[PDB]
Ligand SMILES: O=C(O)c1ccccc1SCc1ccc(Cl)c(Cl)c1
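What follows is one chain in structure tokens, specifically the form solved without the named molecule.
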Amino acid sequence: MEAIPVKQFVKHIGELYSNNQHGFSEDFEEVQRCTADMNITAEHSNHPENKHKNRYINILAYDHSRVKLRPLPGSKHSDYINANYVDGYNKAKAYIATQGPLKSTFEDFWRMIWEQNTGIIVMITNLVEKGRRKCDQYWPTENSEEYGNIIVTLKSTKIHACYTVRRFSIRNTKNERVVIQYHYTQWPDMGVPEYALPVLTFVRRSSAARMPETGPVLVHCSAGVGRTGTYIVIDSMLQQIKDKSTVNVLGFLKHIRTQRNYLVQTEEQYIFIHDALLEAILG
């Protein structure tokens, strides 16, 4: 669609900041309303047998783009996980955006990873933030843990200033696959990171870890919409910039909003997307 050249984008940024960022605020208000004339169904999300599988009652997975698990013999809603396919730059279903797993969905989570042939997990939340539970620990602290038919083994860990990388082997007892978890650990309990550069490095390193041809990269935070959407837009726009030297943040964001509710949840995040791209463009 309407992509603009990097040079123009770079002037456009200053205009968005100018009058108190009234521009950014108007853009994001446009994103918020972009699906207002779109009734998108989420029937499986709202089904009673599935209610315990949602971390947040108001954060749903749209039906048309939801990831389906293969049905289990025995129930009629065992295909459900709160997770949607999301497009990336020049590729459909480049990501799976999902909530932070609950103990009750650990098996579903890892089965989904197995079935989708996912090789990369991007986690952008701490387990607990400001005293509040945000995600349950769905991986082994050391050695191995069993989640249904999938056994996960921690092979190694590197802990950087702002993010942690865990290498796992996972095996379906019906260890067969490598899964790399990139875990950003310095998102503040309030608001957005103060400097984009660390996030930028995180995105580049985690995006580069993507092998041809694995399944979608799984990206989650707590709800799987705010930091998750921000990661997705930043990663996708860096792709487009590298590829065509153009950028379409607003267009892309309005597009993926049809694929999962609330992606890029706050105006601060919408602005932080631009801080990050500008640093990548200048640096």
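Superpose the two forms; the largest set of C-alphas matching within 1.5 Å is the rigid core. One-based numbering along the sequence shown. Shifts are known only where both forms have a C-alpha.
Of the other structures of this protein that model both sides of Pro71, every one gives it coordinates; not a third omit it.
According to the entry, the deposited sequence places 1 to 3 unmodelled residues between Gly74 and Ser75.
The entry shows an unbroken chain from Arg132 to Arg133, with no unmodelled residues of the deposited sequence in between. Taking the PDB entry as given, 4 to 12 carries the higher mean Cα B factor of the two stretches 272 to 280 and 4 to 12. Per the PDB record, of the two stretches 107 to 115 and 207 to 215, 207 to 215 carries the greater mean B-factor over its C-alpha atoms.
When the C-alpha B-factors of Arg33, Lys68, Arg257, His64 are read from the PDB record, the largest value belongs to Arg33. Based on the entry's C-alpha B-factors, the most elevated value among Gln181, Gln99, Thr185, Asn175 belongs to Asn175. In the deposited entry, the Cα temperature factor of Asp189 sits in the middle third of values across the chain's modelled residues. Sort the chain's modelled residues by C-alpha temperature factor and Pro48 lands in the highest third, per the entry. When the modelled residues of the chain are ordered by their C-alpha B factor, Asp87 lands in the lowest third.
Placement of the Cα temperature factor of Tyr195 within the chain: highest third of the modelled residues, per the deposited record. Residue-level temperature factors show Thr228 in the lowest third of its chain, judged at the C-alpha atom.
Omitted here: the form deposited with the named molecule bound. The next part is about that form.
Classification of the binding site as blocked follows from the superposed pose of the named molecule in the bound PDB entry: three or more of its atoms fall inside 2.4 Å of backbone or C-beta atoms here.
With the named molecule left out of view, the stretch that reaches within 4.5 Å of it through heavy atoms in the bound PDB entry is, among 110 to 118, 193 to 201, 149 to 157, 81 to 89, 193 to 201. The named molecule is not shown here, but in the bound PDB entry it comes within 4.5 Å of a heavy atom of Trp187. Taking the partner from elsewhere, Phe9 is found to have every heavy atom lying beyond 4.5 Å of the named molecule in the bound PDB entry. Proximity of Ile170 to the named molecule in the bound PDB entry falls outside the 4.5 Å heavy atom cutoff. At a distance threshold of 4.5 angstroms between non-hydrogen atoms, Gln259 is out of contact with the named molecule in the bound PDB entry.
Contact annotation for 245 to 283: residues with any non-hydrogen atom within 4.5 angstroms of the named molecule in the bound PDB entry are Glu268, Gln269, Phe272, listed in sequence order. Just one residue from the list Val192, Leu102, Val165, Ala209 crosses the 2 Å line for C-alpha shift between this form and the one not shown on a rigid core fit, and it is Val192. Residues present in both forms were compared between this form and the one not shown after fitting on the core; the only consecutive run of three or more with every C-alpha moved by 2 angstroms or more is 187 to 192.
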